[PDB]
>>> print(open('target_30.tsv').read())   # TSV, C-alpha atoms
chain	number	residue	atom	x	y	z
A	51	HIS	CA	-39.51	154.15	-15.60
A	52	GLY	CA	-42.28	154.45	-13.00
A	53	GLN	CA	-42.91	157.76	-11.19
A	54	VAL	CA	-42.78	159.64	-14.46
A	55	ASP	CA	-42.00	163.02	-15.93
A	56	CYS	CA	-45.45	164.49	-15.26
A	57	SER	CA	-49.08	163.44	-14.83
A	58	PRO	CA	-50.51	160.42	-16.64
A	59	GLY	CA	-53.35	162.26	-18.43
A	60	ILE	CA	-51.38	165.23	-19.79
A	61	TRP	CA	-50.96	166.28	-23.43
A	62	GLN	CA	-49.64	169.27	-25.33
A	63	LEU	CA	-51.56	170.01	-28.54
A	64	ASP	CA	-49.95	172.13	-31.23
A	65	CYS	CA	-51.03	172.74	-34.82
A	66	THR	CA	-47.81	172.89	-36.93
A	67	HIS	CA	-46.84	173.71	-40.53
A	68	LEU	CA	-45.02	172.28	-43.48
A	69	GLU	CA	-45.49	172.29	-47.22
A	70	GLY	CA	-48.53	174.56	-46.90
A	71	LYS	CA	-50.31	171.84	-44.92
A	72	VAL	CA	-50.75	172.01	-41.14
A	73	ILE	CA	-49.41	168.93	-39.35
A	74	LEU	CA	-51.04	168.40	-35.95
A	75	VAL	CA	-49.05	167.14	-33.03
A	76	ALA	CA	-50.59	165.55	-30.00
A	77	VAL	CA	-47.88	164.84	-27.41
A	78	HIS	CA	-47.91	162.75	-24.26
A	79	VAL	CA	-45.92	165.12	-22.11
A	80	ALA	CA	-44.97	162.42	-19.58
A	81	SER	CA	-44.05	159.67	-22.08
A	82	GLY	CA	-43.20	161.61	-25.26
A	83	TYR	CA	-45.52	159.24	-27.17
A	84	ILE	CA	-47.12	161.54	-29.79
A	85	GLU	CA	-50.00	161.37	-32.25
A	86	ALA	CA	-50.30	163.58	-35.32
A	87	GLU	CA	-52.96	164.22	-37.97
A	88	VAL	CA	-52.44	166.43	-41.04
A	89	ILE	CA	-55.37	168.83	-41.17
A	90	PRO	CA	-55.52	171.00	-44.29
A	91	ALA	CA	-57.17	173.49	-41.96
A	92	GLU	CA	-56.41	174.93	-38.57
A	93	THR	CA	-59.96	175.25	-37.33
A	94	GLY	CA	-61.44	174.70	-33.88
A	95	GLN	CA	-63.71	172.36	-35.78
A	96	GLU	CA	-60.72	170.12	-36.61
A	97	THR	CA	-58.84	170.49	-33.23
A	98	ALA	CA	-61.94	169.05	-31.58
A	99	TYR	CA	-62.27	166.00	-33.86
A	100	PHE	CA	-58.70	165.34	-32.80
A	101	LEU	CA	-59.08	165.72	-29.06
A	102	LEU	CA	-62.33	163.91	-29.14
A	103	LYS	CA	-60.70	161.07	-31.02
A	104	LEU	CA	-57.68	161.14	-28.77
A	105	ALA	CA	-59.99	161.25	-25.74
A	106	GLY	CA	-61.82	158.18	-26.85
A	107	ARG	CA	-58.43	156.48	-27.21
A	108	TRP	CA	-56.47	157.70	-24.14
A	109	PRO	CA	-57.33	158.93	-20.65
A	110	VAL	CA	-56.98	162.64	-21.14
A	111	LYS	CA	-57.30	164.48	-17.83
A	112	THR	CA	-56.11	167.82	-19.30
A	113	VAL	CA	-54.38	169.42	-22.28
A	114	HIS	CA	-52.17	172.45	-22.85
A	115	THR	CA	-50.63	174.36	-25.80
A	116	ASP	CA	-48.32	177.20	-26.91
A	117	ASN	CA	-51.09	179.18	-28.57
A	118	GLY	CA	-54.37	179.46	-26.58
A	119	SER	CA	-56.48	181.11	-29.28
A	120	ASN	CA	-56.71	177.50	-30.28
A	121	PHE	CA	-58.72	176.40	-27.28
A	122	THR	CA	-61.24	179.24	-27.53
A	123	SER	CA	-63.87	177.78	-29.88
A	124	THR	CA	-67.25	176.44	-28.74
A	125	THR	CA	-66.80	173.53	-31.13
A	126	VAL	CA	-63.64	172.98	-29.15
A	127	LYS	CA	-64.94	174.23	-25.80
A	128	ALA	CA	-67.87	171.90	-26.38
A	129	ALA	CA	-65.42	169.07	-27.03
A	130	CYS	CA	-63.09	169.23	-24.03
A	131	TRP	CA	-66.62	169.29	-22.55
A	132	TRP	CA	-68.59	166.32	-23.73
A	133	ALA	CA	-65.38	164.49	-22.84
A	134	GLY	CA	-64.06	165.83	-19.53
A	135	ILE	CA	-60.90	167.46	-20.77
A	136	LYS	CA	-59.44	170.42	-18.90
A	137	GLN	CA	-56.47	172.74	-19.74
A	138	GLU	CA	-53.42	172.32	-17.46
A	139	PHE	CA	-50.43	174.14	-15.98
A	140	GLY	CA	-48.79	175.09	-12.65
A	141	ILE	CA	-46.93	178.06	-11.12
A	142	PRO	CA	-49.11	179.68	-8.42
A	143	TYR	CA	-47.17	181.03	-5.45
A	144	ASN	CA	-45.98	177.91	-3.66
A	145	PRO	CA	-43.20	175.96	-2.00
A	146	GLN	CA	-39.99	175.23	-3.85
A	147	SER	CA	-40.24	173.22	-7.05
A	148	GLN	CA	-38.85	173.80	-10.58
A	149	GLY	CA	-38.55	172.60	-14.18
A	150	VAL	CA	-38.16	172.87	-17.93
A	151	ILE	CA	-39.90	171.15	-20.89
A	152	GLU	CA	-39.69	170.40	-24.62
A	153	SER	CA	-40.91	170.23	-28.20
A	154	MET	CA	-40.83	166.95	-30.17
A	155	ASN	CA	-42.35	169.16	-32.85
A	156	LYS	CA	-38.72	169.15	-33.96
A	157	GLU	CA	-37.67	165.47	-33.85
A	158	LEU	CA	-40.86	164.76	-35.76
A	159	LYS	CA	-40.22	167.62	-38.16
A	160	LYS	CA	-36.69	166.23	-38.56
A	161	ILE	CA	-37.43	162.60	-39.39
A	162	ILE	CA	-39.87	163.97	-41.95
A	163	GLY	CA	-37.44	165.85	-44.20
A	164	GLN	CA	-35.67	162.52	-44.22
A	165	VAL	CA	-38.41	160.02	-45.12
A	166	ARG	CA	-40.51	162.13	-47.46
A	167	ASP	CA	-38.74	160.81	-50.54
A	168	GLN	CA	-39.97	157.47	-49.24
A	169	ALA	CA	-43.34	159.07	-48.44
A	170	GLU	CA	-45.93	159.77	-51.14
A	171	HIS	CA	-47.31	162.77	-49.32
A	172	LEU	CA	-46.97	164.73	-46.12
A	173	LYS	CA	-49.70	162.49	-44.74
A	174	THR	CA	-48.02	159.19	-45.54
A	175	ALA	CA	-44.89	160.97	-44.34
A	176	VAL	CA	-45.88	162.42	-40.91
A	177	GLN	CA	-47.29	158.99	-40.12
A	178	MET	CA	-44.07	157.18	-41.02
A	179	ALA	CA	-42.26	159.97	-39.23
A	180	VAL	CA	-44.12	159.40	-35.96
A	181	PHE	CA	-44.24	155.65	-36.48
A	182	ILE	CA	-40.46	155.76	-36.35
A	183	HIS	CA	-40.35	158.18	-33.40
A	184	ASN	CA	-42.71	156.46	-31.04
A	185	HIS	CA	-40.72	153.43	-32.04
A	186	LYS	CA	-37.28	154.95	-31.41
A	187	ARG	CA	-35.63	153.64	-28.25
A	188	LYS	CA	-32.77	155.44	-26.56
A	189	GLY	CA	-30.61	153.55	-24.09
A	190	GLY	CA	-31.54	154.52	-20.55
A	191	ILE	CA	-31.87	151.56	-18.15
A	192	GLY	CA	-35.29	151.29	-19.70
A	193	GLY	CA	-34.18	151.30	-23.33
A	194	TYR	CA	-37.86	151.65	-24.22
A	195	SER	CA	-39.54	153.81	-26.84
A	196	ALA	CA	-41.91	156.72	-26.39
A	197	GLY	CA	-44.45	154.19	-27.58
A	198	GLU	CA	-43.22	151.69	-24.98
A	199	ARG	CA	-43.49	154.01	-21.95
A	200	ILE	CA	-46.82	155.74	-22.54
A	201	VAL	CA	-48.50	152.34	-22.21
A	202	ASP	CA	-46.86	151.43	-18.91
A	203	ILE	CA	-47.66	154.65	-17.17
A	204	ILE	CA	-51.29	154.50	-18.11
A	205	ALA	CA	-50.94	150.75	-17.90
A	206	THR	CA	-49.96	150.80	-14.24
A	207	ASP	CA	-53.34	152.58	-13.82
A	208	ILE	CA	-51.45	155.82	-13.27
A	209	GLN	CA	-52.61	158.43	-10.78
A	210	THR	CA	-53.89	162.01	-10.60
B	51	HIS	CA	-57.38	139.52	-17.31
B	52	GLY	CA	-53.94	138.20	-18.27
B	53	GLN	CA	-53.57	135.29	-20.72
B	54	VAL	CA	-56.03	136.91	-23.10
B	55	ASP	CA	-58.52	136.11	-25.80
B	56	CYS	CA	-55.95	135.96	-28.61
B	57	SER	CA	-52.54	137.34	-29.58
B	58	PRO	CA	-51.38	140.78	-28.45
B	59	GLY	CA	-50.71	142.21	-31.93
B	60	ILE	CA	-53.96	141.15	-33.65
B	61	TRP	CA	-56.55	143.39	-35.31
B	62	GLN	CA	-59.57	142.96	-37.55
B	63	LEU	CA	-60.02	145.78	-40.08
B	64	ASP	CA	-63.40	146.32	-41.69
B	65	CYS	CA	-64.65	149.23	-43.78
B	66	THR	CA	-68.33	149.78	-42.81
B	67	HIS	CA	-71.27	151.92	-43.99
B	68	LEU	CA	-73.79	154.40	-42.72
B	69	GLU	CA	-75.41	157.53	-44.07
B	70	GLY	CA	-73.60	157.12	-47.39
B	71	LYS	CA	-70.27	157.51	-45.59
B	72	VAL	CA	-67.98	154.55	-44.87
B	73	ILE	CA	-67.06	154.24	-41.19
B	74	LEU	CA	-63.82	152.33	-40.65
B	75	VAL	CA	-63.42	149.98	-37.75
B	76	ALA	CA	-60.08	148.87	-36.42
B	77	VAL	CA	-60.60	146.27	-33.68
B	78	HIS	CA	-58.22	144.83	-31.12
B	79	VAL	CA	-59.42	141.27	-31.34
B	80	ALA	CA	-57.94	140.30	-27.95
B	81	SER	CA	-59.07	143.38	-25.99
B	82	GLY	CA	-62.06	144.66	-28.00
B	83	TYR	CA	-60.48	148.15	-27.89
B	84	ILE	CA	-61.37	149.60	-31.33
B	85	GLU	CA	-60.36	152.60	-33.43
B	86	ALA	CA	-62.48	154.03	-36.23
B	87	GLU	CA	-62.02	156.68	-38.91
B	88	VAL	CA	-64.77	157.85	-41.29
B	89	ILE	CA	-63.34	157.70	-44.80
B	90	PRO	CA	-65.58	159.14	-47.50
B	91	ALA	CA	-63.88	156.56	-49.69
B	92	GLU	CA	-63.15	152.87	-49.46
B	93	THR	CA	-59.82	152.89	-51.24
B	94	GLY	CA	-56.65	150.91	-50.59
B	95	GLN	CA	-55.12	154.34	-50.47
B	96	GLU	CA	-57.16	155.16	-47.34
B	97	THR	CA	-56.97	151.66	-45.67
B	98	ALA	CA	-53.19	152.09	-45.68
B	99	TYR	CA	-53.13	155.56	-44.08
B	100	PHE	CA	-55.15	153.88	-41.36
B	101	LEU	CA	-53.01	150.82	-40.79
B	102	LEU	CA	-49.90	152.88	-41.09
B	103	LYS	CA	-51.25	155.27	-38.50
B	104	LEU	CA	-52.43	152.45	-36.31
B	105	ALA	CA	-49.07	150.73	-36.75
B	106	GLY	CA	-47.21	153.78	-35.59
B	107	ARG	CA	-49.50	153.81	-32.54
B	108	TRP	CA	-49.81	150.09	-31.59
B	109	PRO	CA	-47.69	146.97	-32.02
B	110	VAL	CA	-49.44	145.38	-34.94
B	111	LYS	CA	-48.04	141.91	-35.62
B	112	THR	CA	-50.84	141.00	-38.07
B	113	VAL	CA	-54.30	142.00	-39.30
B	114	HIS	CA	-57.33	140.20	-40.70
B	115	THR	CA	-60.72	141.08	-42.26
B	116	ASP	CA	-64.04	139.77	-43.63
B	117	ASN	CA	-63.40	141.00	-47.16
B	118	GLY	CA	-59.88	140.36	-48.54
B	119	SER	CA	-60.20	142.36	-51.75
B	120	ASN	CA	-59.37	145.06	-49.28
B	121	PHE	CA	-55.84	143.88	-48.61
B	122	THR	CA	-54.94	143.48	-52.28
B	123	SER	CA	-53.65	146.95	-53.18
B	124	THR	CA	-49.96	147.83	-53.58
B	125	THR	CA	-50.62	151.06	-51.71
B	126	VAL	CA	-51.86	148.72	-49.02
B	127	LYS	CA	-49.48	145.84	-49.74
B	128	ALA	CA	-46.73	148.44	-49.60
B	129	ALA	CA	-48.07	149.59	-46.23
B	130	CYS	CA	-48.35	146.36	-44.26
B	131	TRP	CA	-44.82	146.30	-45.75
B	132	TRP	CA	-42.94	149.39	-44.77
B	133	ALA	CA	-44.38	148.56	-41.35
B	134	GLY	CA	-44.09	144.80	-40.76
B	135	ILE	CA	-47.75	143.93	-40.75
B	136	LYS	CA	-48.88	140.46	-41.81
B	137	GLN	CA	-52.41	138.99	-42.32
B	138	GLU	CA	-53.45	136.38	-39.72
B	139	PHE	CA	-55.61	133.29	-39.16
B	140	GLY	CA	-55.44	129.62	-38.09
B	141	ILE	CA	-57.05	126.28	-39.03
B	142	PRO	CA	-54.45	124.03	-40.70
B	143	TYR	CA	-54.84	120.34	-39.90
B	144	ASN	CA	-53.79	120.09	-36.26
B	145	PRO	CA	-54.45	118.85	-32.75
B	146	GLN	CA	-57.70	119.63	-31.00
B	147	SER	CA	-58.54	123.29	-30.45
B	148	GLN	CA	-61.69	125.36	-31.19
B	149	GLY	CA	-63.44	128.73	-31.12
B	150	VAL	CA	-65.82	131.47	-32.21
B	151	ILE	CA	-65.46	135.27	-32.61
B	152	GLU	CA	-67.35	138.56	-32.98
B	153	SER	CA	-68.23	141.90	-34.52
B	154	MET	CA	-68.26	145.10	-32.42
B	155	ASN	CA	-69.22	146.62	-35.76
B	156	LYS	CA	-72.65	146.32	-34.15
B	157	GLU	CA	-72.21	147.75	-30.63
B	158	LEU	CA	-70.48	150.68	-32.30
B	159	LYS	CA	-73.19	150.94	-34.93
B	160	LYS	CA	-75.72	150.80	-32.07
B	161	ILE	CA	-74.38	153.54	-29.81
B	162	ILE	CA	-74.28	155.69	-32.93
B	163	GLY	CA	-77.99	155.74	-33.78
B	164	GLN	CA	-78.29	156.86	-30.19
B	165	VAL	CA	-75.81	159.74	-29.92
B	166	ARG	CA	-76.10	161.23	-33.39
B	167	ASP	CA	-78.68	163.77	-32.29
B	168	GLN	CA	-75.93	164.83	-29.90
B	169	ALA	CA	-73.39	164.49	-32.73
B	170	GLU	CA	-73.02	167.14	-35.44
B	171	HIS	CA	-71.97	164.62	-38.04
B	172	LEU	CA	-71.19	160.96	-38.50
B	173	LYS	CA	-67.59	161.89	-37.76
B	174	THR	CA	-68.24	163.65	-34.46
B	175	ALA	CA	-70.64	160.76	-33.88
B	176	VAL	CA	-68.53	157.62	-34.58
B	177	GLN	CA	-65.87	159.18	-32.36
B	178	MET	CA	-68.28	159.76	-29.47
B	179	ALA	CA	-69.66	156.33	-30.22
B	180	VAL	CA	-66.29	154.62	-29.81
B	181	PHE	CA	-65.23	156.97	-27.03
B	182	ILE	CA	-68.16	155.57	-25.08
B	183	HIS	CA	-67.47	151.96	-26.10
B	184	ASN	CA	-63.81	151.72	-25.30
B	185	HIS	CA	-64.91	153.40	-22.12
B	186	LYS	CA	-67.76	151.00	-21.32
B	187	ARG	CA	-66.95	148.60	-18.49
B	188	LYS	CA	-68.88	145.40	-17.93
B	189	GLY	CA	-68.64	143.67	-14.57
B	190	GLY	CA	-66.36	140.66	-14.81
B	191	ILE	CA	-63.86	140.35	-11.94
B	192	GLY	CA	-61.92	142.85	-13.98
B	193	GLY	CA	-64.72	145.38	-14.45
B	194	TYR	CA	-62.42	147.12	-16.93
B	195	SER	CA	-63.20	148.67	-20.29
B	196	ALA	CA	-62.07	147.61	-23.75
B	197	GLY	CA	-59.88	150.67	-23.41
B	198	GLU	CA	-58.64	149.46	-20.02
B	199	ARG	CA	-57.59	145.96	-21.13
B	200	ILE	CA	-55.86	146.65	-24.45
B	201	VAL	CA	-53.26	148.65	-22.54
B	202	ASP	CA	-52.50	145.94	-19.99
B	203	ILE	CA	-52.01	143.19	-22.48
B	204	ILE	CA	-49.61	145.21	-24.56
B	205	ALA	CA	-48.54	146.82	-21.32
B	206	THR	CA	-47.39	143.55	-19.79
B	207	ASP	CA	-45.11	143.43	-22.87
B	208	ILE	CA	-47.36	140.73	-24.30
B	209	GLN	CA	-45.99	137.80	-26.28
B	210	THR	CA	-46.07	136.27	-29.76
>>> encode(input="target_30.tsv", output="structure tokens")
Amino acid sequence: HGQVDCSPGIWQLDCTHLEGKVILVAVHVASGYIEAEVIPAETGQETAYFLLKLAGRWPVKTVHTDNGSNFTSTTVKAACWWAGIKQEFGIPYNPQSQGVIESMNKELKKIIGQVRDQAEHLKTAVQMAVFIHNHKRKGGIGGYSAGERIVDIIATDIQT
Amino acid sequence: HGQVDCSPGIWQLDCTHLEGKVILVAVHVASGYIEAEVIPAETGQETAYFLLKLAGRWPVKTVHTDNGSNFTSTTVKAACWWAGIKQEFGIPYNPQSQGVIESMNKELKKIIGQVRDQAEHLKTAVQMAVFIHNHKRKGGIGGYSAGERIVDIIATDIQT
């Protein structure tokens, strides 16, 4: 659209679960474009590889989550480090403002039940799942897809 | 820049090697932005997961490579399939045109020797490696980075 949902370099990272294997959802808060790897293990070791990877691919000013324990490993601390990531959030006592946010952890988890049959494994499945999401365009005088907006924002050399 | 190097949805995918482990380089021919996973195994199974994944993330009209054997597995054939990927290339008998292309498989392989010490493993290393590349800006009246151009192209809703 333009002057978007939130800040250009903001993600929400949340290890998830399904069929004993932990799906891992990276989400572009402002554009809903998400990325997701299926780690067999919820370790700071793994969360880092992700961020790192994501950092090399997109401008990540800061990241947040629903469970902090996650961001408390050196492996991980060291990663947001060697890459310039910071955790984000805002409420401090200040002038009027407001809000509410969401979890695509569902949409994604929804389109999975669906496609699995088609999918050979969770892996192949979460990846089709997302593929389809990021691709899914909902009419809105910008009938673009999550995938289609994330670019633009960044694209326009979005601010901070 | 604008009217870029090649077509907006073009990649070059080439399984690589180093320290017994096969690095895997996805490269955005037109923008040099690259992605790379470290598969312990060079199997059509794995090449697909990659493409698939990459397809969910970027508009991939068609992909090429230096070794075709690679694109001859069902697992893989099935993947360029359920996702609309096609192999690409052009020479058929036609009007004057010309060219020459490259391999970032080197730059990447270069910045790795370097950083490893810093890196804990190839993995952590290829990922820093790339991070740094995509990030590396060379003066050019568009002193932008591989990472910075790939967006734009696509961004501008690039053609085909």
>>> interface_residues(input="target_30.tsv", of="chain A", to="chain B", cutoff="7 Å", atoms="all atoms listed in the file", output="list in words")
residues 99, 102, 103, 105, 106, 107, 174, 177, 180, 181, 184, 201, 202 and 205 of chain A
>>> write_last_selection(input="target_30.tsv", atoms="C-alpha atoms", output="CSV table (one decimal), in the frame of the given file")
chain,number,residue,atom,x,y,z
A,99,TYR,CA,-62.3,166.0,-33.9
A,102,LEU,CA,-62.3,163.9,-29.1
A,103,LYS,CA,-60.7,161.1,-31.0
A,105,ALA,CA,-60.0,161.2,-25.7
A,106,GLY,CA,-61.8,158.2,-26.8
A,107,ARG,CA,-58.4,156.5,-27.2
A,174,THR,CA,-48.0,159.2,-45.5
A,177,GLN,CA,-47.3,159.0,-40.1
A,180,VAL,CA,-44.1,159.4,-36.0
A,181,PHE,CA,-44.2,155.6,-36.5
A,184,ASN,CA,-42.7,156.5,-31.0
A,201,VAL,CA,-48.5,152.3,-22.2
A,202,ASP,CA,-46.9,151.4,-18.9
A,205,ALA,CA,-50.9,150.8,-17.9
>>> atom_distance(input="target_30.tsv", atom1="atom CA of residue A:160", atom2="atom CA of residue A:116")
19.8 Å
>>> atom_distance(input="target_30.tsv", atom1="atom CA of residue A:152", atom2="atom CA of residue A:128")
28.3 Å
>>> residues_near_point(input="target_30.tsv", point="(-49.5, 175.0, -22.0)", cutoff="12 Å", atoms="all atoms listed in the file", output="JSON, numbers by chain")
{"A": [60, 61, 62, 63, 64, 77, 79, 112, 113, 114, 115, 116, 117, 118, 119, 120, 121, 136, 137, 138, 139, 140, 141, 151, 152, 153]}
>>> atom_distance(input="target_30.tsv", atom1="atom CA of residue A:192", atom2="atom CA of residue A:149")
22.3 Å
>>> closest_residue(input="target_30.tsv", among="B:53, B:66, B:122, B:209", to="residue B:156", atoms="only C-alpha atoms")
B:66
